[PDB]
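Asker: Can you keep this structure in mind? I'll have questions shortly.
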2 protein chains.
Amino acid sequence: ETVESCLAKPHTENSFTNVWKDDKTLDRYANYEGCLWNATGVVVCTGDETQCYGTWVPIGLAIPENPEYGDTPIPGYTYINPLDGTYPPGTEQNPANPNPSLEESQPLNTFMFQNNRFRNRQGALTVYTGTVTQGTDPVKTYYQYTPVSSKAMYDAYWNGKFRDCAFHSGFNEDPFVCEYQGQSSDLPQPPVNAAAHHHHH
Amino acid sequence: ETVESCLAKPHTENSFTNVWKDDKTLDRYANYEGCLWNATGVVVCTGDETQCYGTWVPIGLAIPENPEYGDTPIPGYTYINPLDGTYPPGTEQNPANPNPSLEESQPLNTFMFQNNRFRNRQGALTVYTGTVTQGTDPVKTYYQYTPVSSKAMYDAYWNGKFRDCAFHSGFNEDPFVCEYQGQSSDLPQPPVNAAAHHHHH
């Protein structure tokens, strides 16, 4: 395939396996038919983030990276994109500070929701967006927390769905795994990307 | 509309006006029919980025913003998304450092391409994605430069499209505006959301 041929493929609504997520933007990707695809909004994924069902758009050539599989629908959850811009910070609607913050070490008060790490500071939600560096000799490494811009994430919070995990002190360890992991929804099988050749070269 | 009715709308391939971009993810958004839409894939936008043509996906309720249009096509450029993940850093194909760095002040020899500010270090391209803050008062501000993950951007760079703007050295505080602003292309008019659609939540 070429970049042009990939971009010409039709968008496809189906389950893809071997899904990966960009640690900074939280975007989900997968390889299929020699092309790289990006999931667009409304996503249903398994508990782990191995498979996701939704509207996939071809964005370029497949990139190197990457049990069994049946024909029966499997359990999953409707996944929320924490940074989708539906409730942007620094606005009248969402007055939270729009600037990301830095932590020298992973904070003690974080909670895990749909495989993302979050912090709650009196109703202001932030999400872990990977590490960043500052300076040279020595290079300082920081854990970056970015203000959440997802209305659906805040709706869940305001509906009291994170009572067991968003108000917790922390310490000795890492994140509190929330009991709520989203609305249940099944993924059709098998993934269209099942075949091993979609994941090679 | 409701969040669910907005999500049930079909993806639309059309030109939208009153477009805005997320400074951190570089996402493009617009309001239409009481819903918020996000452009997916490569879009065609005007020079100022007021209008973009492409595949738009409904992601939630419309959000507050803050004569006119004809019916003949207008000139625009094929816009690339610098953080689209088609050529991720920290890999065999793209050996750039995968970590964003924080600058105490804007770096020197930067250039403007499609209203984004970039830095070029011996072929390693980095893009300005906004301010990050730290330190319980005073409150120190940093300028974040994130590794470019767009293969298209690198292709243009490698083909010598940025000859005049990306290869400066020395002391240059203001960014050089690149002559190349992308491949010319036309946008159908008028925009689908031209009418005062942009009012009342």
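Residue 1 is the first one shown; counting continues down the chain.
Each residue, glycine too, has its Cβ placed from N, Cα and C.
Pulled these features from Swiss-Prot for this protein:
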type	residues	note
DISULFID	A:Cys6-A:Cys35	disulfide bond
DISULFID	A:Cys45-A:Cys52	disulfide bond
COMPBIAS	A:91-106	compositional bias 'Polar residues'
REGION	A:101-187	region 'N2'
DISULFID	A:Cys165-A:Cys178	disulfide bond
Asker: Looking at the disulfide-bonded residues A:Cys45, A:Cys52, A:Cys165, A:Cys178, which has the shortest Cα distance to A:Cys35 (disulfide bond)?
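Answerer: Looking at Cα distances from A:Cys35 (disulfide bond), the smallest one goes to A:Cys52.
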Asker: Taking Cα atoms as reference points, rank the disulfide-bonded residues A:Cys6, A:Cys45, A:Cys52 by distance from A:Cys178 (disulfide bond) and give the first.
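Answerer: Of all the candidates listed, A:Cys45 is nearest in space.
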Asker: Could you give the Cα-Cα distance between A:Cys52 (disulfide bond) and A:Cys165 (disulfide bond), in whole Å?
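Answerer: Their Cα atoms are separated by 25 Å.
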Asker: Using the alpha carbons only, what distance in Å do you get between A:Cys165 (disulfide bond) and A:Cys45 (disulfide bond) once rounded?
Answerer: 21
Asker: So if I measure Cβ to Cβ from A:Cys6 (disulfide bond) and keep only same-chain residues at least 6 apart in sequence, which ones fall under 8 Å?
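Answerer: Residues satisfying the criterion: A:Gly34, A:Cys35, A:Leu36, A:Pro58, A:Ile59, A:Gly60, A:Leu61.
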Asker: Which has the fewest other CB atoms in a 10 Å radius around its CB: A:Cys35, A:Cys45, A:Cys52, A:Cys165, the listed disulfide-bonded residues?
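Answerer: Output over disulfide-bonded residues A:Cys35, A:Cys45, A:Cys52, A:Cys165: least Cβ neighbours within 10 Å is A:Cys165.
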Asker: What is the Cβ neighbour count of A:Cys178 (disulfide bond) at a 10 Å cut-off, with all protein chains included?
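Answerer: Its Cβ has 19 other Cβ atoms within 10 Å.
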Asker: In this deposited model, 22 residues are left out between A:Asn66 and A:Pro67; how far apart are their Cα atoms, in Å?
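Answerer: So the two residues bracketing the gap are 15 Å apart at Cα.
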